[PDB]
Structures are given as C-alpha cells and as structure tokens.
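Please read the structure below before turning to the comments.
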Amino acid sequence: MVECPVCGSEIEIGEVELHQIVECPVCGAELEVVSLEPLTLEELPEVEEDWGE
Amino acid sequence: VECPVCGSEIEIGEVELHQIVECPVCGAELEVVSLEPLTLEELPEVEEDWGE
Amino acid sequence: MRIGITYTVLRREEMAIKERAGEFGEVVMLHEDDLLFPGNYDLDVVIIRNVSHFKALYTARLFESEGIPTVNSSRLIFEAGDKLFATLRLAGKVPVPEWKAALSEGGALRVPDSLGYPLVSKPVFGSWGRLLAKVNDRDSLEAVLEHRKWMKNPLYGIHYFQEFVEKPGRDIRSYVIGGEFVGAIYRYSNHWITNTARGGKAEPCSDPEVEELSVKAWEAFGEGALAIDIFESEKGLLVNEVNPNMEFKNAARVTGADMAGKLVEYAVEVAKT
Amino acid sequence: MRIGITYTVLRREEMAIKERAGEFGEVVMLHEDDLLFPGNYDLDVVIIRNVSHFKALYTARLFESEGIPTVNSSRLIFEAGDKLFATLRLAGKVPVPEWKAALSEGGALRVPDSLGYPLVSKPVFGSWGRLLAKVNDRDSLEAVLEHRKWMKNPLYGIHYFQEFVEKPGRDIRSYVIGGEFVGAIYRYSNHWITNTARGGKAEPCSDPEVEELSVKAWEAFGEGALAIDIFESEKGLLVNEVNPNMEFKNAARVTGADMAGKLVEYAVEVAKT
Amino acid sequence: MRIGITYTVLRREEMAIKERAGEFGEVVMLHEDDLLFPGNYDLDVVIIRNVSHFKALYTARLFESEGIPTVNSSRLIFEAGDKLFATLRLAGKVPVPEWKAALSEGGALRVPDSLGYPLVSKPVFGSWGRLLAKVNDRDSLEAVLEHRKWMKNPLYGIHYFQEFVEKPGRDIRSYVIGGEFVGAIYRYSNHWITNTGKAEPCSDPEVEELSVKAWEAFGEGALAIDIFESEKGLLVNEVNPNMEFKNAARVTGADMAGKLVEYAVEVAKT
Amino acid sequence: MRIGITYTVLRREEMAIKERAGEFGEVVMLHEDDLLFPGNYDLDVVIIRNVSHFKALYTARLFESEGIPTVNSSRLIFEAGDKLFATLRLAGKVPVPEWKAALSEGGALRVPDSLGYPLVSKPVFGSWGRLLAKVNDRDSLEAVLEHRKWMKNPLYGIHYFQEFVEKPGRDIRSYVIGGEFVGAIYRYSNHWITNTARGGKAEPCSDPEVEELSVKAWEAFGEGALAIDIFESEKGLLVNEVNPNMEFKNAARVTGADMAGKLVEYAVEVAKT
Ligand SMILES: Nc1ncnc2c1ncn2[C@@H]1O[C@H](COP(=O)(O)OP(=O)(O)O)[C@@H](O)[C@H]1O
Ligand SMILES: Nc1ncnc2c1ncn2[C@@H]1O[C@H](COP(=O)(O)OP(=O)(O)O)[C@@H](O)[C@H]1O
Ligand SMILES: Nc1ncnc2c1ncn2[C@@H]1O[C@H](COP(=O)(O)OP(=O)(O)O)[C@@H](O)[C@H]1O
Ligand SMILES: Nc1ncnc2c1ncn2[C@@H]1O[C@H](COP(=O)(O)OP(=O)(O)O)[C@@H](O)[C@H]1O
Ligand SMILES: [Mg+2]
Ligand SMILES: [Mg+2]
Ligand SMILES: [Mg+2]
Ligand SMILES: [Mg+2]
Ligand SMILES: [Zn+2]
Ligand SMILES: [Zn+2]
C-alpha cells in the first residue's frame, strides 16, 4: 500500500512501474508513481503547450 | 518627419515601407512604419527566433 | 527483436503497448532521462510515445541518426503534428474545412473576407483542444491576435484559421495504422470543442464512409500510425487534423479494437524493413 | 521573370537583394501583411528574407504549396536553422565540435560525463548569439537547466550542448551559394561570443582551408545559400553551425563580395527549375 | 538641493525634467545601470521616470529605504498603477465604470451576468494596452480567458473587467500634480481604444473638478487621469502614476515638466 | 461567528483549518470560483489559503474592500511575500544574509564586487525553491542574466542577490502566529536548496535561539501568521526570508504543534476588532 498525496488515504495500486499513471480509488486523483524503492505517488507536473497526441 | 528618438525634423527621401533607416542627426535606427504619411518608429523588440 | 519504447509517463496506452511489444521480443523502456545522444543503443525499432510533441519529434530524429527506425518517423511527427503542414498535405487528397494562413496580424485581419464569421483560430502545434478560439466578429479577432502577438512562442505568430463547422454535437476520431483502419469513435460534447481531454464522451463509430475517408487521409502521408479527426458538415465529411502520438484508451474500451497491438505489429514490420 | 522578396523589415541586405533582383526581372516586394494563403501569386521564385526564422520557414512552405520555388527551401530552412538537425547532417561529413543532446533536465545533468567542463549550452532555434551560455561547473549547469525548464517555449526542453572550444579571439563566417564559395570573414571579439549582432568586428578571411571546408559543409545539405560558422581550435577547423537566412552587410563591406547578387543569381537559376 | 532623476532612455521628457530641476540645484541623472542597493546616494529627492512600472516601483521603494523621498512614492506607484487597487480606491470617491473582478476562469464566466455584453477585459498591470479586449459574447470571453491562462504569468490570474462604455469617439486624459489641475486633452480615434496627432486641449470645467477629486482619492503625487464621457456622465477609468506628458504638454502648452519638478522640490523639503 | 476559508485545492491543511474553525462558528469554504467582486459576503473574517501568492494578495484586498478582515492582510501578503520588500523590512531588526539589488543587467554585473563569489540569484516573488541559482563565476552570472532577460516577465527585471551562505546541510523553518512562537523544524538535504517541496526532510527544532530570533523577525512586521526561514552560519543565525502563506503540514506532523488551530484562533482574534 501507499499514501495518496491529495486525499491522505492508504491505497493498493498493485504492481506499478516508475512514472506510471494511477487513479486513486477513493478520491479519483490522477497521480504519477515518482519512486518505487520508496513507493511514492505525486500529482502530475503542469501541462506544457505542446503536450498531447 | 520628426525622428521619434531625438525630436529633430529630418530628411529621408526615397524610402520603402518597413525599411530600416538611420537618423541624420542622432544616428538612431528607425523603421518606416507608414507612408500614409511617412511615419518613423523605433525598432520593434527582438523575438526569440529573430536572426539568420 | 529489441523494441524500445520512449515515454514521459506510462499512461494506459503505454502500459498496453509495453505488454504487446513483450510478446514479440525484448522491450527496452526508455524514459526521457535515459535519452542521451550520440549514444550506444542496440535497438531494432523505437516506438515514440513522449507526451511532448517536440520531444517526440527530436527523439525520433536522434534515433534515426543512430540508424534505428522509429514509429512514428520524425518526418511524420513534424508534418502530421503541424496543423498547417498537415492541411497542406491533406488538401490535394481529401475534403478539408476551408482554411487560411497569414504571417502577420495585419494579414490575419483580412481572413474574414475569405472565410466569413464565425471562424476558428488555433495554434499550429497544439493538441487536446488547447488555444482553440471561436471568433464571431472583428472585436474577438483583434483580441485573439493581440494575445497571440504578446505570447512568447514565435510559433503563435503563424496564424492558422478555419471556417467554423457546425457539427452535430460531436466529431469523429478514427485510427489508421500502416494503411489499415483499426477503428473509430464519436466524441460527444455539449461544447463545440469535443476532445476527450476536456472531456468529450466516446461512442463507437461503424460508419463505413469514415473508414474509407480515414484510409485516404492516411494515404496523403503514406506511413505510420495516425489518429485522424473528422467533422460532419452539411457538405459532408471533412478531414480536420491528424495526430502522430495517438491516445486511444477510451477509443479502445468503447470499440473493443486493439489499437495498442496494431501499433506494435506495425512497429515489428518496420523493424524488419 | 517575377522575383518575390518576403520580408519583415528592409535591412541593408534586403535593399541590396532588391536592386540585384531588378537587373534580372520584375521585383515584387512582399511584406508579411501581403502574405495570405491559399492565394493567387504570379511569381517565378521567392527570396525568403523574413527576420523571424519560423515565419521564414512557414512562408517558404506556403509558396511551395502554390508551386512557387523558394530560396531557401522550407526543408533547408528547417534543417539548417536547427542546431541539432544541422549537426546531424554535418556529422561524419565535416569535423564539428564535440556535442551532446538530452531530452530532459535529468538527462542534461549527464552531459558533462561525456563533454567535461566547461561546456556550451545553446537553444536549438536561436541566432545572433542569443541565450548562449558558458557552463564551467555543476552549479552553472543546474542554473541554466532551471531557467530553461520554466521558459514557455517547449523547444527550450531540447537540450543541446558542445564542448567549449578555445578559439583565438575570433571565429570564421563563410558563405556558400549553390555550391560556390563566395567569401569569408573573421569575426573578432574580446568576448567568447563573436556575433556581429553582439559587437563582433568583421575582417576578410583568405585561408584556402576554410574555402574547402565551407564547400563540404554546404554539400552536407546539397542546396541553397548558407552562411557557415567555423571555429579554429588546437585540433584544426570545426564547423559549428549553418544559417539559412544569411546576414552579410558587414561581410560584403569587408570582402567586396556581392552576396546579394550571388543570392539573386541562384534564385534566378531555381526559377528556371 | 540635489535632485536625482531615474530613467531608462534619455528622451524629451527626461531632458525637460533635467532642465527645470537644474534651476533648483544639482541634477543627478541615474540610468538604471547606476541603481545598486544598498548604496550611498547623496540626494534630497528622486523623480522616478523608469519606463517599466515594475522597475519604477522597486526603485522608488529602494530609494525610500535609503531615506530619500521619491516622486512618485512606491505606495502611489503600486496603488494607482494597479487597475484593481486603483478602482477600489476610486470607487468610494468618484464615478467609475461598472466593474467586476474574479480570481478564476470559472468565476470570470459569471461576470457577464453582472456586467452584460459588451464588456472589456484588461490586465491589472497593463499600460501599453495591447491586451485590452472588447468581448461581445461568451465565445470571445472564453477565447480571452484561454489565452490569458496560457501566458502563465500569475498576474493574469486576476480577471478584471469593466462594462463597455459607449464614448463619443474620444476620451479624456487630465493631469493633476500635488492637488493642482495642470491641463487635460481629448484623444480622438475611430477605434474604441483611443490611447495615444488626434489630440486637442480639453477645457471642460467638469473634468477639472472630477480630476482633482480623483487625485484626492490617493491624496499625493503626480497623476495622469483617464476619464470617459458617457450617457450617464463622466467616469474615471484609471489613474497613472508614471505619467507620460510630452504630447499633452505640446497640445495644451502646459509646463508639465516644470510642475513635476516644483512638486519634487516641495517634497524634497519634506 | 462565520469564518471564510479561501482555497485553490482542498488538501490536509485546508481540511485541518476547516475543522478547527467550526468549533468557533459556521465555516464557509470559498473555492476560487466562488470569488466575485463587488459581492455580498457575510463573513466575520477570511483565512486566505490560495496557493498563488498573487491570487492570495488580491483576494485579501478584495475582502478588505467589502469590510471583511483577512488573515493574512493584503499589506502583509504584499510586504512579506516579496523578498526584496521583506528584507528591507527586516534589515534594521534582525541579521540577514548580505544582499544586493540592481535594476538592470549592467548593474547586476557589478553585484559580485560587493557580494563576492559564490552568490545566490533568486526571483523576488518565488517559492518552493524555484529559479534559485548558485552563481560561482562571471560566466554563470551572464548565463542567469541572459535567461532572465528572455523570460520577459517584468518581475525578473528586479535582480535580487544574496551571498551564498554555507549552511550545515540544513536550514530552519519556524512559525509565528500573532507574535506567539508555535514551532520550528529543520529541513535536511545534501543539496544546498533544502525545500521539502524539493525533497527536503523535516525534523523538530527546539533551539531557543531560533525561537527568540523568529519572534523578532515577526515583530519587524507586527502582524499575521508567518513562516520564517532561518540559516545557521559561520557568523550565527540569519533570517533569509519570511512567508505569509505558511505551509505547515510537515511542520505540524513532526513537531506535534497545532498550527491549524493556532491559525484559526488568530483569525477569530482578528475578527473581533
Ligand atoms: N473549424 C472548426 N469547426 C468546428 N469545430 C472545430 C473546428 N476546429 C476544431 N474544432 C473542435 O475543436 C476540437 C479540437 O480541435 P483540433 O483542430 O482537433 O485541435 P487539437 O489538436 O487541439 O485536437 C475538434 O475536435 C473539434 O471538436
Ligand atoms: N562551443 C563553442 N565554443 C566556443 N565558442 C562558441 C561555441 N559555440 C558558440 N560559440 C560562440 O558564440 C557564437 C554564436 O554561437 P552559434 O553556435 O553560432 O549560435 P548563433 O546561431 O546564436 O550564432 C559563435 O560565433 C562563437 O563565437
Ligand atoms: N471600459 C471601457 N469602455 C470603453 N473604452 C475603454 C474601456 N476601457 C478602456 N477603454 C479605451 O481603451 C483605452 C486604454 O484603456 P486603459 O484602461 O487606460 O488601459 P491602459 O492602462 O493600457 O491605458 C482608454 O483610453 C479607452 O479609450
Ligand atoms: N543565500 C543563500 N545561501 C544559501 N542557501 C540559500 C540561500 N538562499 C536560499 N538558499 C536555500 O534555498 C532554499 C530556498 O530559498 P528561499 O530564499 O527560501 O526561496 P523560496 O522562497 O523559493 O523558498 C532555502 O531554504 C535555502 O536552503
Ligand atoms: Mg490534435
Ligand atoms: Mg483534434
Ligand atoms: Mg546562427
Ligand atoms: Mg552563429
Ligand atoms: Zn486519493
Ligand atoms: Zn534622431
């Protein structure tokens, strides 16, 4: 398990990879796995003017 | 026309729209912004992709 | 087979592509921090998934310079990802909305004379519906041009406009990979800007005409994996835009089509080329 | 013969180009306000002289879309005008300073691993010595990358670096038009950045070695009119950069070379096709 | 008496100010390159003429920190120079256009419910006026907000709006220095943005009265005041504490430079 | 009692403040969408928690204009939130690092004659350790200045510098609310920038020297709830900066102090007068 930085809840996200995008099951926060060795979630950086498809 | 930098009335003669000129007295670089009538302005600001 | 995947973050898309790639050979996950050139890479193909369009473009070119083929290519990322270059390529081959391009505020002021109001203003390099403006009159045109002028990016000084198309509460998003249509959706919204990024709702689209037109639109480029944007109008279907770093998680869910697998299959085809 | 000249302001270079063009045919002066596409133009060639690099690129592409050839072409303006795309085409063909490219701040931190210190940071699309930085240590690298990070233009997220070359108080600027070496100057400065735009002082350069290297650098591209930047170093001459919208008023004044005339003669050759 | 003048470029206004100041004592011309703090400056007053409003503000504060009074003061430069702070100060005292302020784009979207269309969007810090927008409908509102959002300058997070005032093809710029009315001009144009050879003197006694009342809302300094005529009478749009006057001086014949310097020497004497 | 809380995003601290208030009266949560002026608000005091310093400033000023007091006040947010205005207020009263301010690039180039190398360049309005530079030589000073110039936010035209202070692997963040010391922490890092936003780690600080110095710093302003940044140096404690939008979640966690509760108490105190 790990703490959501928006909500504060402890959640299970499963077998994640580094820089992977996850949705918090409680608050619906979109988050980035910024570390695995110490499992750390983080809110995404700001959208740049050339981000997308 | 008056130079917008030094205030002097100056002689330019045959010139084109958006031509860069030089003031005879104060030597400021100026842009011909209009010919309706002949109107001088200082150079616009440099943008991040300006040059060669 | 060593298949590189180049990424900023791992969205559903990238997770699914990674899965599919693993069935064909060894996958090398390449975060942007890992990208250093000239470098010593041992790769048969790279699938380019960077969230930044310009980072995608430059990393594709760099891998090409190491002799490593790229999906999509740097040439396609640039042409398809620029609205104006793409419209130029599309204009021969498929119906597109009426458009104009101007190189100064002064020239942009004449655009209504050709297109009429309302018109749409948009930056040449954006995505996700960013900086799209519906301009109903001269006062709005001036405001839009004044703001674009003040913005730092010199690209915002390339003034691209289209006639405003009256859509029926939705537009169409289709996918063509290596010349094969893989699926399409409608994107519904109460607002005229329909991207799922803000956030249009996806429904499957089985329209055979969008399939035929999407393949034609792809053929104007003749390569790669493209997400195509199509509008319905009183004059019929119009091709608006093509996107060289496709998102598809909703499109996949709603159509049941395997966009990710098709992209990877195409990548293994170019790896053997 | 109708020869177009596209321009932002008419510098000395543009007035000279205009005069020479008038010896070969009718000259159509096209300020940016006069550029609106699609449009009806009756022109055999356009000489692209917009001060903005990006406006030059897009106006070339638009004239090409109208079947009007352009000097320089959109392809050359894009490739030559980008530090990274240009060194990629120069690499293996002529000697260049040691270089490194990264795609993120975290990747850029590793650039000194290859290049050592001091190194040179520069933006991929710049000119006139703009935003050039000499970085002597880690703290300086961090400062530069911190600032690039917060700048709006996504292009500042492409991190391009060279080894700092110890030049003898000057560098070299040469000109090659259609394969013909037309002349060269030294640009002297007591600052390591020697551009004449920043106070650099022009002096004629007659080294036969720079002529041959200049032609070879041009042949890496294979078309157009290029101002080439060369460095003298303890390991001989290195090609640094090429420039597709050449300034030359100081170079022509100092060498007697008629860069304007040669540029127009090349334009007239491309008009014939 | 030692009078400093801070400047970005030496132009007509600065040379005029220097000349009048020369009558009262020693003049010290301070280019921005000469401004370094903390430092030792031997000055009784500083006349602030930096072209940037932000540089003006900081240089005034910095001189104040060395015990040197400044015309205009750092307090007036901020209060009067910011559109929002300024209208809050004017609102109790003189008529102003109806206005609205929001702190997010969602709030800004409700502004037309108060102000109606057309409305005017402008930045709080602006002076050049390139970012002024006449917003006629919701699509234009959204376009303006979307562009401001992507400028990522946090000062565009203050969304300030006014009703669009139907002016009679001109507006008014008056000058009040130390409480004294020194002159006013009409600025004519066929565009709704009249901002400045289409100027002439304004001798409407009513703008003189209103102009002094506007200045009295701040109670100090040298201000240019922008006034609109409308169906419901004169309205004070904004005040400007950096005061360009070269045009208004020529058009009206008022010695604007001299009045500014005179005020500065009275300030120098505490 | 009716206590307004103004916020950008609901998180731990805002939620902690919400519950401590409410013990005193009715709490009204005001999202930035709810802020429209002139407006009819029925509040005895507003606790200003907007993430943007600028939005906080204007929000405070706007509530004051409706006769509603604010914690912190617009005046304090202005003076304390701007680093240069703040150090000017501190200069007489408490030791600060040596500093210098210039109004142009040319003046800024003279700064190291006063401060020596290395020195620290930072924006007057910044937080979270963003755009900080440690400048070891002239080349770096030039680089930082070049980049500031091309950002074209007029605020970066104010060039604020400090001597580089050699801290012992950490710095100190103390909290003073209405003149009462409520707690302090150490922030540890092996980078010279020790922000917890930057990956710094917080521990309790019990040093009575910093408690004394914290209250003295607060007193230089004479109002509000402030977070106070202190450095330990070879020449004793120094007050680097003050912050009128105190983040405290780590400080409260690690100290056991009720920052939320103290803040609310002060606000009800402010509501009285
Ligand atoms: N000319 C137009 N007429 C009507 N709607 C448009 C027009 N241009 C764009 N849109 C709407 O805005 C959306 C985004 O525009 P698009 O051109 O695809 O840019 P992006 O690359 O940001 O998706 C489209 O999907 C469509 O819903
Ligand atoms: N790696 C380097 N070593 C030494 N000097 C350099 C280096 N790169 C650039 N310079 C100096 O800075 C000038 C401008 O750099 P350049 O790469 O030509 O960019 P621009 O397109 O801005 O001219 C060069 O003419 C040269 O004097
Ligand atoms: N609310 C408005 N209604 C009508 N015209 C306006 C309004 N606001 C500004 N203008 C016009 O635009 C000009 C510049 O506006 P202003 O508010 O002074 O911005 P700036 O501070 O850039 O001068 C004014 O002199 C006036 O002519
Ligand atoms: N002059 C300096 N010397 C040494 N370290 C500094 C200096 N200025 C800032 N720092 C370090 O950087 C951190 C952030 O700087 P600060 O001035 O607080 O800016 P911010 O408001 O962005 O936090 C400080 O907590 C300190 O650790
Ligand atoms: Mg798109
Ligand atoms: Mg689209
Ligand atoms: Mg160049
Ligand atoms: Mg060069
Ligand atoms: Zn959560
Ligand atoms: Zn002159």
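Residues are named by chain letter and number: chains run A, B, ... in the order of the structure tokens, numbers start at 1 in each chain, and ligands are numbered from 1 in the order shown.
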Distance table requested - chain D against chain E, cut-off 12 Å, only C-alpha atoms: one row per qualifying residue with the closest atom pair and its distance in Å to one decimal, ordered by chain and rising residue number, as a tab-separated table.
residue	atom	partner	partner_atom	distance
D:150	CA	E:152	CA	10.0
D:151	CA	E:152	CA	10.0
D:152	CA	E:152	CA	8.2
D:153	CA	E:151	CA	11.0
Ligand 1: which residues are within 9 Å, counting only C-alpha atoms and all ligand atoms, as a PyMOL selection string?
(chain A and resi 52-53) or (chain C and resi 81-83+97-99+119-134+161-167+169-173+187-189+191-197+200+228-231+240-243)
- Separation of CA of residue 158 in chain D and CA of residue 104 in chain D, in Å?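 Going from CA of residue 158 in chain D over to CA of residue 104 in chain D covers 7.1 Å.
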Close residues to ligand 9 using only C-alpha atoms and all ligand atoms, limit 7 Å, as a CSV table (one decimal) with N, CA and C atoms, in the first residue's frame:
chain,number,residue,atom,x,y,z
A,4,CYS,N,-1.9,8.4,-0.8
A,4,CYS,CA,-2.3,9.4,-1.8
A,4,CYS,C,-2.0,10.8,-1.3
A,5,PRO,N,-1.2,11.6,-2.1
A,5,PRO,CA,-0.8,12.9,-1.6
A,5,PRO,C,-1.9,14.0,-1.7
A,6,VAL,N,-3.0,13.7,-2.4
A,6,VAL,CA,-4.2,14.6,-2.4
A,6,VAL,C,-5.1,14.3,-1.3
A,7,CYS,N,-5.5,13.0,-1.1
A,7,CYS,CA,-6.5,12.5,-0.2
A,7,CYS,C,-6.0,12.2,1.2
A,8,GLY,N,-4.9,11.6,1.3
A,8,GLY,CA,-4.3,11.1,2.6
A,8,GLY,C,-4.6,9.6,2.8
A,9,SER,N,-5.5,9.0,2.0
A,9,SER,CA,-5.8,7.6,2.1
A,9,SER,C,-4.7,6.7,1.8
A,24,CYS,N,-6.4,7.3,-8.0
A,24,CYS,CA,-6.7,6.9,-6.6
A,24,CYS,C,-8.2,6.3,-6.6
A,25,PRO,N,-8.3,5.1,-6.0
A,25,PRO,CA,-9.7,4.5,-5.9
A,25,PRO,C,-10.7,5.3,-4.9
A,26,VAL,N,-10.1,6.1,-4.0
A,26,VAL,CA,-11.0,6.9,-3.1
A,26,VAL,C,-11.4,8.2,-3.7
A,27,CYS,N,-10.4,9.1,-3.9
A,27,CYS,CA,-10.7,10.5,-4.4
A,27,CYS,C,-10.6,10.7,-5.9
A,28,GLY,N,-10.3,9.7,-6.7
A,28,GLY,CA,-10.2,9.9,-8.1
A,28,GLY,C,-9.0,10.8,-8.6
A,29,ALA,N,-8.1,11.1,-7.7
A,29,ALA,CA,-6.9,11.9,-8.1
A,29,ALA,C,-6.0,11.1,-9.1
Residue 222 in chain D surroundings by only C-alpha atoms, 10 Å radius, close-in-sequence under 5 positions cut, as a CSV table (one decimal) with N, CA and C atoms, in the first residue's frame:
chain,number,residue,atom,x,y,z
D,76,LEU,N,15.4,23.2,-46.2
D,76,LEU,CA,16.7,23.7,-45.8
D,76,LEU,C,16.6,24.7,-44.7
D,178,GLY,N,24.8,27.9,-53.7
D,178,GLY,CA,24.6,26.9,-54.8
D,178,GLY,C,25.9,26.1,-55.1
D,179,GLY,N,26.7,25.9,-54.0
D,179,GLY,CA,28.0,25.1,-54.2
D,179,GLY,C,29.2,26.0,-54.4
D,215,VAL,N,32.7,24.5,-48.5
D,215,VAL,CA,32.0,23.9,-49.6
D,215,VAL,C,31.5,22.5,-49.2
D,216,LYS,N,32.4,21.8,-48.4
D,216,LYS,CA,32.0,20.4,-47.9
D,216,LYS,C,30.8,20.5,-46.9
D,217,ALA,N,30.8,21.5,-46.1
D,217,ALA,CA,29.7,21.7,-45.2
D,217,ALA,C,28.4,22.0,-45.9
